[PDB]
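Structure, as C-alpha cells:
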Amino acid sequence: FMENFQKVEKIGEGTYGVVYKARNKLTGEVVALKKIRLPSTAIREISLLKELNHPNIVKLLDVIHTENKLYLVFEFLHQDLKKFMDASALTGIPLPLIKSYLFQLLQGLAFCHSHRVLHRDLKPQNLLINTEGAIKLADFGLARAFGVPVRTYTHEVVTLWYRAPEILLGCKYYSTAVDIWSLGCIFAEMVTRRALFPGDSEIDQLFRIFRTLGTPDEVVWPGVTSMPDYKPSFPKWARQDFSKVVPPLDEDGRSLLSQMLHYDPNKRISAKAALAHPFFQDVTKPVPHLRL
Ligand SMILES: O=C(O)/C=C/c1cccc(C(=O)Nc2ccc(Cl)cc2)c1
Ligand SMILES: O=C(O)/C=C/c1cccc(C(=O)Nc2ccc(Cl)cc2)c1
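Okay, structure coming up:
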C-alpha cells in the first residue's frame, strides 16, 4: 500500500497507529496517511465522514481497507496547536489569534454537531494550523468508530485533560456538549499557557475539575448524584472565580468560558450559541508567524 505513493517521512504516532507524510502519485498532493491498528461497522461509520466537509475540519480524502489493515488519507497541515503553544510559551499567543482560533473551532464544531457527529477526544494535538491563520479539527468522528483507548498502540497514555465530567462520572451516552467542554479547556490553556486540568488519573482529573469549579451537586447538576461513578464520599470543594483561573482574560471571555464549562451538559452552551457570544464582536483573522 506504501508503494502507491512516496512516504516523505513518519510524522509521528497517533492514538491508533503511525502517521506518515506522503505524496499521492495520481493527484501530486501531499497528504497525511494514518494506519489504524486493531470490523465492518467501523469501516461504514468512517466512510460516511468523507462527506462531512467544512473549512475548519481536516478533510478526509480516502478510507482504504487492504490486507486487513485500515488506512485513512487526510489533508496535510504543517503544525498542530500543541507544538504552537509550546513554541509560544515565553510570550503567549496574541488575544486576537486566540479569539480567531476559538471562533474557527466553534464553527467546525457547529458544522459537525449539526450533522450529529461528535469528536469526543479534542485536544491540542488534533487541532492543526496553517500559515494563513486557519485552524482545523482532525480525527472527527473516529472515536464513534474505534473508541477512545486508555493507551495508544505505542502504549502512550491518552490524555484525560480535556475529558468532560459526565464521561469521567460514567455516562454511557455522549452529547455534543462533551466537545464544548474540551474546547473550553483548550481556550483556557491558550490564554494561560498552562493546561487547565492536567489530571494524571481519572480521579485526579475529576478532583482537579472539582477543585476549580466546585464539587458538583444536585443544585448545579440535576441527576449528578445518580451517575454510575459518582460517590457521596467525594470531597466538597468550593468554586473558584474565573478571574483567578484565566487572568487576564476579560469578562466577555470569562463569561463564555464559564458557559462552556457548565457541569450540566444540557446547560452547557452550544457551538452555535457560542458563535453569537459578545466575545466575538471584534473577531478578526490574524496571521500566526510559523517557522516550518
Ligand atoms: O484543596 C486541595 O488541594 C485538596 C483537598 C482535599 C481534601 C480532602 C480530600 C482530598 C483528596 O482528594 N483525597 C483523596 C484521597 C484518596 C484518593 Cl484515592 C482520592 C482522593 C483532597
Ligand atoms: O500584536 C503583536 O504583534 C503581538 C502581540 C502579542 C504577542 C504575544 C502575546 C500577546 C498577548 O498579550 N496575549 C494575550 C493572551 C491572552 C490574554 Cl487574555 C491577553 C493577552 C500579544
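Quick note on this note's numbering: the sequence shown kicks off at 468 and runs consecutively.
All C-beta atoms, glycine included, are put in the ideal place defined by N, C-alpha and C.
Check: Contact set, ligand 1 heavy atom to C-beta under 7 Å; Outcome: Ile-670, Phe-674, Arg-678, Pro-702, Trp-704
Check: Where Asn-593 falls, given that 16 or more other Cβ within 10 Å makes a residue buried; Outcome: buried
Check: C-alpha gap between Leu-539 and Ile-653, whole angstroms; Outcome: 26 Å
Check: Cβ-heavy atom distance, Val-540 to ligand 2, below 8 Å; Outcome: no
Check: Rounded straight-line distance, which links the Cα of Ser-514 to that of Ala-662; Outcome: 34 Å
Check: Per-residue burial, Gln-473 [other beta carbons within 10 Å of its own, 16 or more giving buried]; Outcome: exposed
Check: Local conformation of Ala-499 per DSSP, three classes; Outcome: strand
Check: Contact between the region 603-620 and the region 523-532 (3+ Cβ pairs under 8 Å); Outcome: yes
Check: Any non-hydrogen atom of ligand 2 within 8 Å of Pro-561 CB; Outcome: yes
Check: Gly-720: CB within 8 Å of a non-hydrogen atom of ligand 2; Outcome: yes
Check: Euclidean distance between Cα positions of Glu-633 and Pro-732; Outcome: 8 Å
Check: Strand pairing of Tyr-640, partner residues [DSSP]; Outcome: Its beta-bridge partners do not exist; DSSP assigns none.
Check: Alpha-carbon spacing of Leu-500 relative to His-582, whole angstroms; Outcome: 25 Å
Check: Per DSSP, cross-strand counterpart(s) of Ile-531; Outcome: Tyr-538
Check: Strand pairing of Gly-479, partner residues [DSSP]; Outcome: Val-486
Check: Inter-stretch contact (C-beta, 8 Å, three-pair minimum) for the region 544-554 and the region 732-748; Outcome: no
Check: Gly-495, buried or exposed, once every other Cβ within 10 Å from all chains shown has been counted against 16; Outcome: exposed
Check: From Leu-716, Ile-676, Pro-715, residue whose alpha carbon lies closest to that of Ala-705; Outcome: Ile-676
Check: Alpha helix (DSSP H) segment containing residue 760, residue limits; Outcome: Lying outside 468 to 759, the shown extent of the chain, residue 760 is not represented and no answer is given.
Check: Three or more C-beta pairs below 8 Å linking the region 622-631 and the region 679-695; Outcome: no
Check: Cβ shell of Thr-619 (< 8 Å), same chain only, five flanking positions each side left out; Outcome: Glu-480, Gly-481, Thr-482, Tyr-483, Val-625
Check: Span of the alpha helix (DSSP H) around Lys-549; Outcome: 548-554
Check: Secondary structure of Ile-596, DSSP reduced to three states; Outcome: strand
Check: Distance between beta carbons of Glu-656 and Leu-627, contact taken as under 8 Å; Outcome: So it is not a contact: roughly 14 Å between Cβ atoms.
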